[PDB]
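Right, one structure below, let's go through it.
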Amino acid sequence: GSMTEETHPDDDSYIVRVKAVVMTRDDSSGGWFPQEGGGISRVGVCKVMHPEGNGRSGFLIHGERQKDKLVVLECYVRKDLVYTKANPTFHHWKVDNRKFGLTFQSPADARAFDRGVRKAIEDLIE
């Protein structure tokens, strides 16, 4: 919780796990550059919530690199998420602070991620 932070190293609350390369566009610095990891990233989605416990839940776009627990992607959201899939093999999102994204490595993780995103936004908004 506030003390002892799970849902990150031990994963635990990971409802979805996909595989892709964590990309990012630092404003316009070159373009979609691999922030970290590069060689595949162990990314996923965990449905978090406020410790108050009122049913209402949030979402955390969290992802380690494909090299054990090293957080290379972290995008916590409370009630706000705007995704945009630019290409069938590249889905991205803007959190005001930069515009992050990832490059799919198979139609499996592609469709799986889009599915998770769709459901996430769905329950997040209504």
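Naming scheme: A, B, ... for chains in displayed order of the structure tokens; residues 1 onward per chain; ligands 1 onward as shown.
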Who sits within 12 Å of residue A:81, only C-alpha atoms, same chain under 3 positions skipped, as a PyMOL selection string
chain A and resi 58-61+75-78+84+92-96+99-100+117-125
Please identify the helix (DSSP H, G or I) residues within chain A (assignment by DSSP from backbone atoms) and present them as a ChimeraX atom specification.
/A:107-125
Pull C-alpha atoms from the residues just selected and write them as an mmCIF file, in the first residue's frame.
data_model
loop_
_atom_site.group_PDB
_atom_site.id
_atom_site.type_symbol
_atom_site.label_atom_id
_atom_site.label_comp_id
_atom_site.auth_asym_id
_atom_site.auth_seq_id
_atom_site.Cartn_x
_atom_site.Cartn_y
_atom_site.Cartn_z
ATOM 1 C CA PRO A 107 -0.367 -10.176 -33.907
ATOM 2 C CA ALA A 108 -0.909 -12.088 -30.651
ATOM 3 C CA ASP A 109 0.338 -9.335 -28.316
ATOM 4 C CA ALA A 110 -1.129 -6.789 -30.733
ATOM 5 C CA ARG A 111 -4.694 -8.114 -30.529
ATOM 6 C CA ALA A 112 -4.244 -8.903 -26.824
ATOM 7 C CA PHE A 113 -3.097 -5.360 -26.025
ATOM 8 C CA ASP A 114 -5.886 -3.759 -28.071
ATOM 9 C CA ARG A 115 -8.349 -6.018 -26.232
ATOM 10 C CA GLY A 116 -6.999 -4.975 -22.842
ATOM 11 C CA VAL A 117 -6.990 -1.318 -23.869
ATOM 12 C CA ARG A 118 -10.565 -1.523 -25.143
ATOM 13 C CA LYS A 119 -11.833 -3.121 -21.917
ATOM 14 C CA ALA A 120 -9.697 -0.772 -19.808
ATOM 15 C CA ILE A 121 -11.103 2.383 -21.417
ATOM 16 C CA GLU A 122 -14.573 0.820 -21.357
ATOM 17 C CA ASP A 123 -14.707 0.216 -17.591
ATOM 18 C CA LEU A 124 -12.615 3.337 -16.928
ATOM 19 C CA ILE A 125 -15.182 5.602 -18.609
#
Apply DSSP to the structure's backbone, then extract all residues of chain A labelled strand (DSSP E) and return them as a CSV table (one decimal) with N, CA and C atoms, in the first residue's frame.
chain,number,residue,atom,x,y,z
A,14,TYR,N,-1.3,-8.0,-11.8
A,14,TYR,CA,-1.2,-8.0,-13.2
A,14,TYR,C,-2.4,-8.8,-13.8
A,15,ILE,N,-3.3,-8.2,-14.4
A,15,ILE,CA,-4.5,-8.8,-15.1
A,15,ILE,C,-4.2,-9.2,-16.5
A,16,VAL,N,-3.3,-8.4,-17.1
A,16,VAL,CA,-2.9,-8.6,-18.5
A,16,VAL,C,-1.3,-8.5,-18.6
A,17,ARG,N,-0.7,-9.4,-19.4
A,17,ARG,CA,0.7,-9.3,-19.7
A,17,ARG,C,0.9,-9.5,-21.2
A,18,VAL,N,1.6,-8.5,-21.8
A,18,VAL,CA,1.9,-8.6,-23.2
A,18,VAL,C,3.4,-8.4,-23.5
A,19,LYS,N,3.8,-8.5,-24.7
A,19,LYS,CA,5.3,-8.4,-25.1
A,19,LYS,C,5.4,-7.5,-26.3
A,20,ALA,N,6.2,-6.4,-26.1
A,20,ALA,CA,6.5,-5.4,-27.1
A,20,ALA,C,7.7,-4.6,-26.8
A,21,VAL,N,8.1,-3.7,-27.6
A,21,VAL,CA,9.2,-2.8,-27.4
A,21,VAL,C,8.6,-1.4,-26.9
A,22,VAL,N,9.0,-1.0,-25.7
A,22,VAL,CA,8.5,0.2,-25.1
A,22,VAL,C,9.2,1.4,-25.8
A,23,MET,N,8.4,2.1,-26.6
A,23,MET,CA,8.8,3.3,-27.4
A,23,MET,C,8.3,4.6,-26.7
A,24,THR,N,8.8,5.7,-27.2
A,24,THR,CA,8.4,7.0,-26.7
A,24,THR,C,8.9,8.1,-27.6
A,25,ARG,N,8.1,9.1,-27.7
A,25,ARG,CA,8.5,10.3,-28.5
A,25,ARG,C,8.6,11.5,-27.6
A,33,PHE,N,11.6,6.7,-30.1
A,33,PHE,CA,12.9,6.1,-29.8
A,33,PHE,C,12.7,5.2,-28.6
A,34,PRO,N,13.5,4.1,-28.6
A,34,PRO,CA,13.4,3.1,-27.4
A,34,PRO,C,14.1,3.7,-26.2
A,41,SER,N,10.3,-6.0,-24.3
A,41,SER,CA,9.9,-5.5,-23.0
A,41,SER,C,8.7,-6.3,-22.5
A,42,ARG,N,8.8,-6.7,-21.2
A,42,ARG,CA,7.8,-7.5,-20.6
A,42,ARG,C,6.7,-6.5,-20.0
A,43,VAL,N,5.8,-6.1,-20.8
A,43,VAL,CA,4.8,-5.1,-20.4
A,43,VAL,C,3.5,-5.7,-20.0
A,44,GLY,N,2.7,-5.0,-19.2
A,44,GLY,CA,1.4,-5.5,-18.8
A,44,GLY,C,0.5,-4.4,-18.3
A,45,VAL,N,-0.7,-4.8,-17.9
A,45,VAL,CA,-1.7,-3.9,-17.3
A,45,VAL,C,-2.2,-4.4,-16.0
A,46,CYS,N,-2.1,-3.6,-14.9
A,46,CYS,CA,-2.6,-4.0,-13.6
A,46,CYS,C,-3.7,-3.0,-13.2
A,59,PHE,N,-6.0,2.3,-13.3
A,59,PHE,CA,-5.2,1.4,-14.1
A,59,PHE,C,-3.8,1.9,-14.1
A,60,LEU,N,-2.8,1.0,-14.3
A,60,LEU,CA,-1.4,1.3,-14.3
A,60,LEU,C,-0.8,0.6,-15.4
A,61,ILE,N,-0.3,1.4,-16.4
A,61,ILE,CA,0.5,0.8,-17.5
A,61,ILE,C,1.9,0.6,-17.1
A,62,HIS,N,2.2,-0.6,-16.7
A,62,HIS,CA,3.5,-0.9,-16.1
A,62,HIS,C,4.2,-2.0,-17.0
A,63,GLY,N,5.5,-1.8,-17.1
A,63,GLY,CA,6.3,-2.8,-18.0
A,63,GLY,C,7.7,-2.8,-17.6
A,64,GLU,N,8.2,-4.0,-17.4
A,64,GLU,CA,9.6,-4.3,-17.2
A,64,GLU,C,10.3,-4.6,-18.6
A,65,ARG,N,11.6,-4.5,-18.7
A,65,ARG,CA,12.2,-5.0,-19.9
A,65,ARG,C,12.4,-6.5,-19.9
A,71,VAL,N,11.8,-1.8,-14.2
A,71,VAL,CA,10.7,-1.0,-14.7
A,71,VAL,C,11.2,0.0,-15.8
A,72,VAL,N,10.9,-0.2,-17.0
A,72,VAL,CA,11.3,0.6,-18.1
A,72,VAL,C,10.1,1.4,-18.6
A,73,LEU,N,8.9,1.1,-18.1
A,73,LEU,CA,7.7,1.8,-18.5
A,73,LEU,C,6.7,1.9,-17.3
A,74,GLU,N,6.3,3.1,-17.0
A,74,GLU,CA,5.3,3.3,-15.9
A,74,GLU,C,4.4,4.5,-16.2
A,75,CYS,N,3.1,4.2,-16.3
A,75,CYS,CA,2.1,5.2,-16.6
A,75,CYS,C,0.9,5.0,-15.8
A,76,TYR,N,0.9,5.5,-14.5
A,76,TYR,CA,-0.2,5.4,-13.6
A,76,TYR,C,-1.3,6.4,-14.0
A,77,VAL,N,-2.6,5.9,-14.0
A,77,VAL,CA,-3.7,6.8,-14.3
A,77,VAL,C,-4.8,6.5,-13.3
A,83,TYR,N,-5.7,6.6,-25.7
A,83,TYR,CA,-4.8,5.8,-26.6
A,83,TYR,C,-5.1,6.2,-28.0
A,84,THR,N,-4.2,5.8,-28.9
A,84,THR,CA,-4.3,6.0,-30.3
A,84,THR,C,-3.3,5.1,-31.0
A,85,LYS,N,-3.9,4.1,-31.8
A,85,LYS,CA,-3.0,3.2,-32.5
A,85,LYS,C,-2.7,3.8,-33.9
A,86,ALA,N,-1.5,4.2,-34.1
A,86,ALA,CA,-1.0,4.9,-35.3
A,86,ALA,C,-0.9,3.9,-36.4
A,87,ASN,N,-0.4,2.7,-36.1
A,87,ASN,CA,-0.2,1.7,-37.1
A,87,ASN,C,-0.6,0.3,-36.4
A,90,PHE,N,1.8,-0.6,-34.0
A,90,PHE,CA,2.3,0.4,-33.1
A,90,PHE,C,1.1,1.1,-32.4
A,91,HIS,N,0.9,0.9,-31.1
A,91,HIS,CA,-0.1,1.6,-30.3
A,91,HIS,C,0.5,2.6,-29.4
A,92,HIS,N,0.0,3.8,-29.3
A,92,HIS,CA,0.6,4.8,-28.4
A,92,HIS,C,-0.4,5.5,-27.6
A,93,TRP,N,0.0,6.3,-26.6
A,93,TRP,CA,-0.9,7.0,-25.7
A,93,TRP,C,-0.2,8.3,-25.2
A,94,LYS,N,-0.9,9.4,-25.1
A,94,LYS,CA,-0.4,10.7,-24.6
A,94,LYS,C,-1.0,11.0,-23.3
A,99,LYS,N,4.3,11.6,-25.2
A,99,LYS,CA,3.4,10.6,-25.9
A,99,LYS,C,4.2,9.3,-26.0
A,100,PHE,N,3.8,8.4,-25.1
A,100,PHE,CA,4.5,7.1,-25.1
A,100,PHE,C,3.8,6.1,-26.0
A,101,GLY,N,4.4,4.9,-26.2
A,101,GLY,CA,3.9,3.9,-27.1
A,101,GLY,C,4.7,2.6,-27.0
A,102,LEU,N,4.3,1.7,-27.9
A,102,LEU,CA,5.0,0.4,-28.0
A,102,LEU,C,4.9,-0.2,-29.4
A,103,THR,N,5.9,-0.9,-29.8
A,103,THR,CA,5.9,-1.6,-31.1
A,103,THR,C,5.6,-3.1,-30.9
A,104,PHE,N,4.4,-3.5,-31.4
A,104,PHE,CA,4.0,-4.9,-31.3
A,104,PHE,C,5.0,-5.8,-32.0
The residue from A:105, A:2, A:50, A:98 with the smallest atom-to-atom distance to residue A:31, counting only C-alpha atoms, is A:98
So the first atom is atom CA of residue A:97 and the second is atom CA of residue A:30; what is the distance between them in Å, to one decimal place?
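Atom CA of residue A:30 lies 16.8 Å from atom CA of residue A:97.
Distances here use only C-alpha atoms; by that measure, the residue among A:6, A:1, A:126, A:66 closest to residue A:53 is A:1.
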Taking only C-alpha atoms into account, name the residue in A:27, A:40, A:82, A:35 that is nearest to residue A:68.
A:40
